[PDB]
Amino acid sequence: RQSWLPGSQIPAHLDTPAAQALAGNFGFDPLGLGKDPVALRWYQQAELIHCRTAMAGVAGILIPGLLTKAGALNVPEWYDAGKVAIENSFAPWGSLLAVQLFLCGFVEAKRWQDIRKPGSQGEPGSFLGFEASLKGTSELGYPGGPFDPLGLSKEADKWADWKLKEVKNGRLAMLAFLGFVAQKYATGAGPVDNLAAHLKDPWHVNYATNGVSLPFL
Amino acid sequence: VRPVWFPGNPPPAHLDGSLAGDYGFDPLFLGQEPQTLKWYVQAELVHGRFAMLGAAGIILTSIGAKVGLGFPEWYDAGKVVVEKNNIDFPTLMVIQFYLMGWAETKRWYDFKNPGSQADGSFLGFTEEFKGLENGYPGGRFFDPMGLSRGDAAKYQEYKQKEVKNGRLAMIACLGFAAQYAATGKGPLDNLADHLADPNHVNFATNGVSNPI
Amino acid sequence: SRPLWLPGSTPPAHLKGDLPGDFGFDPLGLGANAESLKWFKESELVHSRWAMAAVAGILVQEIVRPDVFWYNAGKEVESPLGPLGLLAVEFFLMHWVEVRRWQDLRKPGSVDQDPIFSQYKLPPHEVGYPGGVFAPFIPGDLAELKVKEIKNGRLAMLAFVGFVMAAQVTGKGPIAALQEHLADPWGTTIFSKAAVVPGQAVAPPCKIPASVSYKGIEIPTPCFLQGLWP
Amino acid sequence: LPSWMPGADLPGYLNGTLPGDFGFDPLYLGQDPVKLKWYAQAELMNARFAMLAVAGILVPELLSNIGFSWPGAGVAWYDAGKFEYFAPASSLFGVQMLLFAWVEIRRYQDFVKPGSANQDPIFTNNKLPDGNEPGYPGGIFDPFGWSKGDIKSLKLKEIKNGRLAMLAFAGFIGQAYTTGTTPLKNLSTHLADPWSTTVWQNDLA
Ligand code: CLA
Ligand SMILES: CC1=C[C@H](O)CC(C)(C)[C@H]1/C=C/C(C)=C/C=C/C(C)=C/C=C/C=C(C)/C=C/C=C(C)/C=C/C1=C(C)C[C@H](O)CC1(C)C
C-alpha cells in the first residue's frame, strides 16, 4: 500500500478492512485522532463536506479570477466581491444572512439526522413524497437518487476511482483556499496576480522576499 | 593484537575491530549501547564526508587565491558570490533546506527501517535506494563505478582509507577555523608565512595562542 | 602473461587475458564488476576512436592549411551556414547515432536491422565491434588488429591531451612546438619553464586569452586547471 | 511487431487490436481496460477534429496566396472572429451547441450500448447495418462504397494522419503564439533561409 512516509509505521486503526475501504487512505495520522471508529466515521463525514464546499469555493475564486484577465467577465477581486455585490443587490446583508441560515439549517439538519441514523430520512409519510429517494446508498456520505442525476454512480468498476479523484482534488482545494487567505494577508493582491508576478521573476518574488512570511531572515 | 590508540591499555568491550578505523578509542564510553554505537558510526561517516569535501574546497580556493586569479578567501566567498551575481540570500537558503531535507529525510527513515526505501515509492526506483550496510548506501547512484561489489578485501581497505582520511579532514577543517580566528589571514597564506620563517612564525608567536 | 606493464609483477585477479590489449593495469580495481567492465570496455573503445580521428585531424589540419590555430578554429572557419544551424544538424544527427549505438549496448542484438530498407541486416557481432558495412574487409587477422587499434588509441588519447596542454602553455600547434623543441632541447621543456621551491613557485603565463568575443555574446575561454600548473 | 523503440519492452496490455498500436505508453496511462476504451474513442475524435481543423487552416491560406476573390482573402485563421458574417457569433454558438448536443449525445448513446443507435427515429425504414464498431459507424457514414479492403490498413492510416494532424495543430498554436504570424508565412520565411530561421534562432530575441 501507499503511505505518506515510506518506512513509517502505519497506525493500527488505519490498518483495518473498515479503514482501508475509505477513499484516499494514505496512513496519515501523526496526531492519533482517529482511535475511535465512530470518531473516524464522523471525521470522514467532515472531510467529505469540507472537500465539496472547498472545491466549490475555490472554483468560484479561480474561474472568474482567470477569465477576468481575458476580455469578458469583469469580476472584482474575491476579497471585495461582497461589497460590490451588496451594492448591486436589493437587500441588506443581515436579511440575506438570516435567510441563508434558515435554508441551510434545514438541509444540514436533514443530513445530520442521516448521520446519526443511516436509514432515517426515508420513512413513510415524513415528507410529501421525496421520502422515496432520501435514503442512503449503503455508504454514508454518498447518497443517490436526486443526487448524481447523470447515473455516473451506477457502474461498480469506476467506483473507487471516482471516490479517490474526489478526495484528492478536495484536499488540494482546501490547500488552495488556505493559500488564498495567506496570499491575501501577505502580498496584498489577487491570486492570479501573484501567479503572474511569480512567473515573471521566480528567483526574486516568493515568500522569502515578501518580508512578512519569515521576518527573522 | 590490534594497534590501539594508547599502547598498553586493552580496548573496551564494545569495540572489537569489525568496524573501520577501530582503534579502541572511547574513554567516556559514549558508544556502549549497540544502537547508539550504530548511530554514531553513521554520524562519523557523514561528518567525515562533509569535512573531506569542505577541506578540498578550502585548499583549492586558497591555491587559486594566492596566485593572482581573483578568488576570494573562504571567509569572504559567501558575501561576494551572493552580492556579485544577483542572488537573494534567503531563497537560496530555503532551496537548500528543500533539497537537503528531502535527501536527508530519506537517509533518516532508511536508518529507522533498514530496507524500506527499496519499495518503489520514489518515482520508479527499486534496489537503487537499498542500503548495503550502515552508512554505506552503495547502489547505482552512490557507487556508479562499482567498487563495493568486487574485491571484498580490497573494499575493506577502501573503508579503512575513507575513515582515516575523513578524520584527518575533520581536524583539518577545525584547523582552518581556529587558524583564521587566531591570525585573521588565509590558510595557505599562513602556510607560506610559516614556510618562509619556520623558527619565528608559528603559534607560539601570535600572542593569541599562548597568553603568557 | 604475455608481457605485462612493469614486467614481473602480478596481474589483478579479475584480469585474465580474454580481452585485446589487457595487461593487468588496474591498481584501483575499477574493473572488478563484469557489468562495470562491459561499459568501461565500450568507453575505452569509443574514447580511443574519437581521439585517433581528432589527432589525425589536428595534424593534417596544420599540414594542409598552416597558420590556422586549431585551438581557435571555431572562431575561424565560419561559413554561410549559421553556427546555430550547424549546432542543430550536429545535435539531431549525432543524437540519432549515439542512441542507436547505446541501444545496441544495453540490449544486445536488437538494432541490427536497417529501419528504412528492410532487406539489409547487420550480422551477429561481439559488442563494440559491429562489423558488416562498418568494415568492408580485414587486412591481416582480427585478434591482432584489435590489439593494434587499442594501442594506437591509447597512444592517441595521450597525444590529444598532450596537444591541449602543449597549446595552453606555448600557444602554437603540435608540429610547430616540435620545431621549437628541436631548436633548443635543453631550454624548452616543461622543466625549463616552471618550478616549485619551498621558497617560491612560478608557473608559465597563459598564452590563450580571456573571454572570446565570437559574435558579440562572448565565450569565456579558460585554460584547464589554471591554478595548479607546474 | 513494430515498436516505438526497437528492442525495448512493450507494456503487456497492448496487443495490436487498436489501430496504430506501437506500444508507446511510458507513463502507463491505460492499465485499466475501461480507460483504454475511453482513451481510444477520445483519440479517434480528437484526431478527426484535428484533421478537419488543419485542413481548414491550410486550404484557405493555400488558396489565399494564389489570389482568388472570395472575402476570405487570407485574413488569418485566428482572425475569424472579427469579420462581418450575416449573423453575430452569439446565434452561431447557440445553433452550434443545439445541433452538436443532439449529435454527440446520440453518439455517446451508441458508445454506452453498442448496437442501439442504428435506425432513423423519424423515417423508421432507414437503418444502419449491423457492423456496429463503436467509433466506426458505417452505412451512410461510409457512403461511397469503401471499407471493401482490409480495413485495418485504413484504420492504421487514419490514426497516423490523425496523430500527425494533432501535432500539426499544436504546431499552429505554438507558432502563432510565438512568431505571431500566419503559418504558411512561417514556411515561407523558412524556405527563404533555412539556416538563419530556426527555433533556436528566434527564441534568442
Ligand atoms: C577514456 C579513458 C579510458 C577508459 C575508460 C579505459 C578503460 C579501460 N582500460 Mg584503459 N587506458 C586509457 C584510457 C582509458 N581506458 C589510456 C589513455 C591508457 C594509456 C595510458 C590506457 C591504458 C590501459 C592499459 C595498459 C590497460 C587498460 C585497461 C583498461 C580496462 C580495465 C581498467 C579499468 O577498469 O579502467 C576503467 C577506466 C576508467 C574508470 C577511467 C578512469 C578515468 C579517471 C577517473 C580520470 C582520472 C585520470 C587522471 C586525470 C589522469 C589523466 C592522465 C594524464 C596523463 C592526463 C578498461 C576497459 C586494462 C585492460 O585492458 O584490461 C582489460 C589494461 O591492461 N588501459
Ligand atoms: C489530516 C490531519 C490528520 C492528523 O491526524 C492531524 C493533522 C495533521 C493536524 C490533520 C491535518 C489537518 C489539516 C492540514 C487540515 C486542513 C484543512 C483545511 C485547509 C480546510 C480548508 C477548507 C476551506 C474551505 C472549506 C473553503 C471554502 C471556501 C468558500 C466557501 C469560499 C467562498 C467565497 C467565494 C466562493 C467567493 C466569494 O466572493 C467570497 C467567498 C465567501 C470567500
# chains A, B, ... in the order shown; residues from 1 in each chain; ligands from 1

$ interface_residues --of "chain B" --to "chain C" --cutoff "7 Å" --atoms "only C-alpha atoms" --output "list in words"
residues 63, 64, 145, 146, 147, 149, 150, 151, 195 and 196 of chain B

$ residues_around --residues "residue 108 (chain C)" --least-positions-apart "6" --cutoff "10 Å" --atoms "only C-alpha atoms" --output "ChimeraX atom specification"
/C:101-102,124-127 /D:7

$ write_last_selection --atoms "N, CA and C atoms" --output "CSV table (one decimal), in the first residue's frame"
chain,number,residue,atom,x,y,z
C,101,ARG,N,23.5,3.3,-31.1
C,101,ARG,CA,24.7,2.5,-30.6
C,101,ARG,C,24.4,2.1,-29.1
C,102,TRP,N,23.9,3.0,-28.3
C,102,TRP,CA,23.7,2.7,-26.9
C,102,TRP,C,22.5,1.7,-26.8
C,124,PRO,N,25.5,-11.0,-36.8
C,124,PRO,CA,25.8,-11.0,-35.4
C,124,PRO,C,27.3,-10.7,-35.1
C,125,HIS,N,27.5,-10.1,-34.0
C,125,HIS,CA,28.8,-9.5,-33.7
C,125,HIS,C,29.1,-9.6,-32.2
C,126,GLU,N,30.3,-9.2,-31.8
C,126,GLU,CA,30.6,-9.0,-30.4
C,126,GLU,C,30.7,-7.5,-30.1
C,127,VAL,N,30.1,-7.2,-28.9
C,127,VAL,CA,29.7,-5.8,-28.7
C,127,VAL,C,30.9,-4.9,-28.8
D,7,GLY,N,13.6,-2.9,-29.6
D,7,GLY,CA,14.4,-3.6,-28.6
D,7,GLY,C,13.8,-3.4,-27.2

$ residues_near_ligand --ligand "ligand 1" --cutoff "9 Å" --atoms "only C-alpha atoms and all ligand atoms" --output "VMD selection string"
(chain B and resid 145) or (chain C and resid 4 to 5 11 14 to 33 36 to 48 150 to 151 153 to 158 161 to 162)

$ write_last_selection --atoms "C-alpha atoms" --output "compact mmCIF listing (two decimals), in the first residue's frame"
# COMPACT_ATOMS: atom_id res chain seq x y z
CA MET B 145 31.85 2.89 -10.86
CA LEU C 4 52.64 -7.01 -18.70
CA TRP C 5 53.25 -3.44 -17.62
CA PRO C 11 48.05 -9.07 -12.54
CA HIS C 14 39.84 -10.10 -12.42
CA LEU C 15 42.05 -9.51 -15.48
CA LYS C 16 42.95 -12.78 -17.16
CA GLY C 17 43.62 -12.40 -20.89
CA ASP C 18 40.25 -12.55 -22.61
CA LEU C 19 40.30 -9.00 -23.94
CA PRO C 20 42.55 -7.45 -26.56
CA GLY C 21 45.36 -5.39 -25.12
CA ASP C 22 44.80 -6.17 -21.45
CA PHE C 23 48.00 -6.21 -19.43
CA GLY C 24 46.77 -6.23 -15.85
CA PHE C 25 46.79 -2.46 -15.39
CA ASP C 26 44.23 -1.88 -12.65
CA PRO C 27 45.77 -0.74 -9.38
CA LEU C 28 42.49 0.93 -8.38
CA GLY C 29 40.40 -2.15 -9.13
CA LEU C 30 37.93 -0.28 -11.32
CA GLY C 31 37.06 -3.40 -13.29
CA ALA C 32 36.06 -5.77 -10.53
CA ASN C 33 32.44 -5.87 -11.71
CA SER C 36 31.00 -2.34 -14.99
CA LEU C 37 33.73 -3.87 -17.15
CA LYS C 38 31.49 -4.10 -20.22
CA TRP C 39 30.54 -0.43 -20.03
CA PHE C 40 34.15 0.58 -19.43
CA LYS C 41 35.29 -1.60 -22.32
CA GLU C 42 32.94 0.28 -24.62
CA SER C 43 34.13 3.53 -23.06
CA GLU C 44 37.76 2.79 -23.86
CA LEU C 45 36.98 1.82 -27.43
CA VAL C 46 34.90 4.91 -28.12
CA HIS C 47 37.32 7.35 -26.49
CA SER C 48 40.21 5.78 -28.39
CA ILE C 150 43.77 -0.31 -28.77
CA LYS C 151 47.46 0.54 -28.76
CA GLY C 153 44.12 4.53 -29.46
CA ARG C 154 45.68 4.83 -26.04
CA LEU C 155 48.66 6.49 -27.67
CA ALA C 156 46.26 8.83 -29.48
CA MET C 157 44.37 9.82 -26.33
CA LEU C 158 47.65 10.68 -24.65
CA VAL C 161 45.86 15.67 -24.07
CA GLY C 162 49.46 16.43 -24.97

$ interface_residues --of "chain D" --to "chain A" --cutoff "12 Å" --atoms "only C-alpha atoms" --output "ChimeraX atom specification"
/D:32-35,112

$ residues_around --residues "residue 122 (chain A)" --least-positions-apart "3" --cutoff "10 Å" --atoms "only C-alpha atoms" --output "ChimeraX atom specification"
/A:114,118-119,125-127,129-136

$ residues_near_ligand --ligand "ligand 2" --cutoff "10 Å" --atoms "only C-alpha atoms and all ligand atoms" --output "PyMOL selection string"
chain A and resi 27-35+43+47+49-62+64-65+75-85+170-181

$ closest_residue --among "D:27, D:40, D:122, D:51" --to "chain B" --atoms "only C-alpha atoms"
D:27

$ select_by_dssp --residues "region 3-180 of chain D" --states "helix (DSSP H, G or I)" --output "PyMOL selection string"
chain D and resi 33-62+89-112+139-141+151-178

$ interface_residues --of "chain D" --to "chain C" --cutoff "9 Å" --atoms "only C-alpha atoms" --output "PDB file with N, CA and C atoms, in the first residue's frame"
ATOM      1  N   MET D   5      10.535   1.919 -30.125  1.00  0.00           N
ATOM      2  CA  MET D   5      11.909   1.869 -29.660  1.00  0.00           C
ATOM      3  C   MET D   5      12.402   0.447 -29.871  1.00  0.00           C
ATOM      4  N   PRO D   6      12.958   0.135 -31.028  1.00  0.00           N
ATOM      5  CA  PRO D   6      13.202  -1.269 -31.366  1.00  0.00           C
ATOM      6  C   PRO D   6      14.147  -1.942 -30.393  1.00  0.00           C
ATOM      7  N   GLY D   7      13.624  -2.872 -29.592  1.00  0.00           N
ATOM      8  CA  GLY D   7      14.384  -3.565 -28.567  1.00  0.00           C
ATOM      9  C   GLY D   7      13.805  -3.413 -27.174  1.00  0.00           C
ATOM     10  N   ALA D   8      13.178  -2.275 -26.891  1.00  0.00           N
ATOM     11  CA  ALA D   8      12.646  -2.007 -25.563  1.00  0.00           C
ATOM     12  C   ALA D   8      11.359  -2.781 -25.306  1.00  0.00           C
ATOM     13  N   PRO D 194      16.802  28.605 -44.632  1.00  0.00           N
ATOM     14  CA  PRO D 194      16.627  27.539 -43.641  1.00  0.00           C
ATOM     15  C   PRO D 194      17.639  27.570 -42.515  1.00  0.00           C
ATOM     16  N   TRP D 195      18.761  28.268 -42.674  1.00  0.00           N
ATOM     17  CA  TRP D 195      19.841  28.184 -41.699  1.00  0.00           C
ATOM     18  C   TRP D 195      19.843  29.316 -40.688  1.00  0.00           C
ATOM     19  N   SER D 196      19.173  30.428 -40.975  1.00  0.00           N
ATOM     20  CA  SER D 196      19.067  31.523 -40.020  1.00  0.00           C
ATOM     21  C   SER D 196      17.622  31.774 -39.603  1.00  0.00           C
ATOM     22  N   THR D 197      16.724  30.825 -39.870  1.00  0.00           N
ATOM     23  CA  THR D 197      15.347  30.871 -39.377  1.00  0.00           C
ATOM     24  C   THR D 197      15.054  29.513 -38.755  1.00  0.00           C
ATOM     25  N   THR D 198      15.435  29.351 -37.495  1.00  0.00           N
ATOM     26  CA  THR D 198      15.137  28.148 -36.740  1.00  0.00           C
ATOM     27  C   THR D 198      14.496  28.546 -35.423  1.00  0.00           C
ATOM     28  N   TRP D 200      15.773  27.796 -32.350  1.00  0.00           N
ATOM     29  CA  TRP D 200      16.829  28.323 -31.501  1.00  0.00           C
ATOM     30  C   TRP D 200      17.221  29.726 -31.918  1.00  0.00           C
ATOM     31  N   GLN D 201      17.145  30.018 -33.212  1.00  0.00           N
ATOM     32  CA  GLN D 201      17.476  31.352 -33.689  1.00  0.00           C
ATOM     33  C   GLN D 201      16.464  32.377 -33.192  1.00  0.00           C
TER      34      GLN D 201
END

$ interface_residues --of "chain A" --to "chain B" --cutoff "9 Å" --atoms "only C-alpha atoms" --output "list in words"
residues 2, 3, 5, 6, 7, 8, 203, 204, 206, 207, 208, 209 and 217 of chain A

$ write_last_selection --atoms "N, CA, C and O atoms" --output "PDB file, in the first residue's frame"
ATOM      1  N   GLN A   2       0.301   2.359  -0.464  1.00  0.00           N
ATOM      2  CA  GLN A   2       0.999   3.625  -0.343  1.00  0.00           C
ATOM      3  C   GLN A   2       0.948   4.112   1.094  1.00  0.00           C
ATOM      4  O   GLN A   2       0.025   3.799   1.847  1.00  0.00           O
ATOM      5  N   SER A   3       1.957   4.884   1.472  1.00  0.00           N
ATOM      6  CA  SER A   3       1.974   5.574   2.745  1.00  0.00           C
ATOM      7  C   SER A   3       2.447   6.993   2.506  1.00  0.00           C
ATOM      8  O   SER A   3       3.114   7.279   1.514  1.00  0.00           O
ATOM      9  N   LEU A   5       4.605   8.474   4.419  1.00  0.00           N
ATOM     10  CA  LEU A   5       6.032   8.441   4.740  1.00  0.00           C
ATOM     11  C   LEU A   5       6.544   7.022   4.580  1.00  0.00           C
ATOM     12  O   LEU A   5       6.348   6.187   5.480  1.00  0.00           O
ATOM     13  N   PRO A   6       7.184   6.692   3.465  1.00  0.00           N
ATOM     14  CA  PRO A   6       7.630   5.313   3.258  1.00  0.00           C
ATOM     15  C   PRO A   6       8.638   4.912   4.316  1.00  0.00           C
ATOM     16  O   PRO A   6       9.656   5.576   4.510  1.00  0.00           O
ATOM     17  N   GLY A   7       8.349   3.810   4.997  1.00  0.00           N
ATOM     18  CA  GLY A   7       9.149   3.357   6.111  1.00  0.00           C
ATOM     19  C   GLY A   7       8.565   3.680   7.464  1.00  0.00           C
ATOM     20  O   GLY A   7       9.042   3.149   8.471  1.00  0.00           O
ATOM     21  N   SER A   8       7.551   4.533   7.515  1.00  0.00           N
ATOM     22  CA  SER A   8       6.908   4.874   8.771  1.00  0.00           C
ATOM     23  C   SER A   8       5.903   3.803   9.160  1.00  0.00           C
ATOM     24  O   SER A   8       5.230   3.226   8.303  1.00  0.00           O
ATOM     25  N   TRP A 203      13.015  33.823  -9.048  1.00  0.00           N
ATOM     26  CA  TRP A 203      14.087  33.775  -8.070  1.00  0.00           C
ATOM     27  C   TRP A 203      14.132  35.004  -7.179  1.00  0.00           C
ATOM     28  O   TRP A 203      14.964  35.054  -6.269  1.00  0.00           O
ATOM     29  N   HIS A 204      13.263  35.986  -7.410  1.00  0.00           N
ATOM     30  CA  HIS A 204      13.223  37.189  -6.594  1.00  0.00           C
ATOM     31  C   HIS A 204      11.903  37.416  -5.881  1.00  0.00           C
ATOM     32  O   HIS A 204      11.894  38.086  -4.847  1.00  0.00           O
ATOM     33  N   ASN A 206       9.019  35.588  -4.033  1.00  0.00           N
ATOM     34  CA  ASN A 206       8.384  34.450  -3.390  1.00  0.00           C
ATOM     35  C   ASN A 206       8.235  34.807  -1.919  1.00  0.00           C
ATOM     36  O   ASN A 206       8.393  35.970  -1.536  1.00  0.00           O
ATOM     37  N   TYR A 207       7.942  33.818  -1.085  1.00  0.00           N
ATOM     38  CA  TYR A 207       7.718  34.146   0.314  1.00  0.00           C
ATOM     39  C   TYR A 207       9.005  34.324   1.094  1.00  0.00           C
ATOM     40  O   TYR A 207       8.946  34.596   2.295  1.00  0.00           O
ATOM     41  N   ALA A 208      10.157  34.170   0.461  1.00  0.00           N
ATOM     42  CA  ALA A 208      11.391  34.550   1.121  1.00  0.00           C
ATOM     43  C   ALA A 208      11.665  36.037   1.017  1.00  0.00           C
ATOM     44  O   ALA A 208      12.554  36.538   1.710  1.00  0.00           O
ATOM     45  N   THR A 209      10.923  36.756   0.180  1.00  0.00           N
ATOM     46  CA  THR A 209      11.177  38.167  -0.060  1.00  0.00           C
ATOM     47  C   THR A 209      10.060  39.083   0.420  1.00  0.00           C
ATOM     48  O   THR A 209      10.306  40.277   0.610  1.00  0.00           O
ATOM     49  N   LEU A 217      14.874  36.219   8.816  1.00  0.00           N
ATOM     50  CA  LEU A 217      15.908  36.406   7.809  1.00  0.00           C
ATOM     51  C   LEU A 217      15.814  37.810   7.237  1.00  0.00           C
ATOM     52  O   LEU A 217      14.868  38.539   7.530  1.00  0.00           O
TER      53      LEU A 217
END

$ closest_residue --among "D:26, D:120, D:180, D:175" --to "chain B" --atoms "only C-alpha atoms"
D:26
